[PDB]
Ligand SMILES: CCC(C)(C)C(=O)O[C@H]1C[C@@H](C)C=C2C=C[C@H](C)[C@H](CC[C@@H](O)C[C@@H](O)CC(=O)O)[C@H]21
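Only one chain comes next, encoded as structure tokens, the form deposited without the ligand.
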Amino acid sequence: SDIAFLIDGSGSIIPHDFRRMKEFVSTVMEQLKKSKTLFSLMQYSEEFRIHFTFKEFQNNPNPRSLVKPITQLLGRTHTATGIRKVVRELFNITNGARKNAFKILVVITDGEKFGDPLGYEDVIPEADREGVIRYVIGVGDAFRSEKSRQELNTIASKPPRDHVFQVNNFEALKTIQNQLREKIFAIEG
């Protein structure tokens, strides 16, 4: 499986919480490790950081060492342009993406889209055609309404039930850690 992450780095995430998010990531890529997996990382705000590629991952397969030096971007929440990039750059053959492989994307964000030139309507479709599986994690009191959560469903594969996870704070991501790990295995064996 070609597995890629998209981490929210906007300015509303505090330095200690930005730090817990990074540990979650490192821990999970370990649990999901298998002799044929590849991981990829990208954080977004208004800027867009490609930390490691699938082909670079297989150059230094160290979840933890690779995740360690990552510093926060601090901008605004442009989630669609991010999704755009995951799809057009990371699942690109030149960046080591494998042809007969699965494509799973885990999206973690502590907020609603804002001041993004693109709409989810401009990106999802490209996402489905390329056959990408999206899981969504909505952290904080942002996705607190029968409304903002309505963003999570829009981002995520269907049925919405199985692809969305929302947790009250960054320190609680540990709770959904286990149930995620598994959904991701039923796609292969």
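Numbering starts at 1 and runs along the sequence shown.
What comes next is about the form deposited with the ligand bound, which does not appear here.
(request) Spell out, yes or no, whether the shortest heavy atom distance between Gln177 and the ligand in the entry with it bound is within 4.5 Å. (result) Outside the cut-off, so no.
(request) Decide whether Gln166 counts as a contact residue for the ligand in the entry with it bound under a heavy atom distance cut-off of 4.5 Å. (result) Judged by the heavy-atom cut-off of 4.5 Å, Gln166 is well away from the ligand in the entry with it bound.
(message) If we define contact as a non-hydrogen atom of the residue within 4.5 angstroms of the partner, is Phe102 a contact of the ligand in the entry with it bound?
(response) Answer no; every heavy atom of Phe102 is more than 4.5 Å from the ligand in the entry with it bound.
(request) Would you check, heavy atoms only and a 4.5 Å threshold, whether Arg76 touches the ligand in the entry with it bound? (result) Residue-level check for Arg76: yes, a contact with the ligand.
(request) Could you run down 7-21 and flag each residue that has a heavy atom within 4.5 Å of the ligand in the entry with it bound? (result) Residues within 4.5 Å: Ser10, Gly11, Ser12.
(request) Note whether the distance between the C-alpha atoms of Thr109 and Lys174 decreases (closer) or increases (farther) in the entry with it bound, against the displayed form; the change is 3 Å or more. (result) Between the C-alphas of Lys174 and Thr109, the gap widens in the entry with it bound (3 Å or more compared with this form).
(message) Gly9 and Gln177: their C-alpha distance differs by 3 angstroms or more in the entry with it bound. Do they come closer or move farther apart compared with the shown form?
(response) It is farther: the C-alpha separation of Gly9 and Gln177 rises by at least 3 Å in the entry with it bound.
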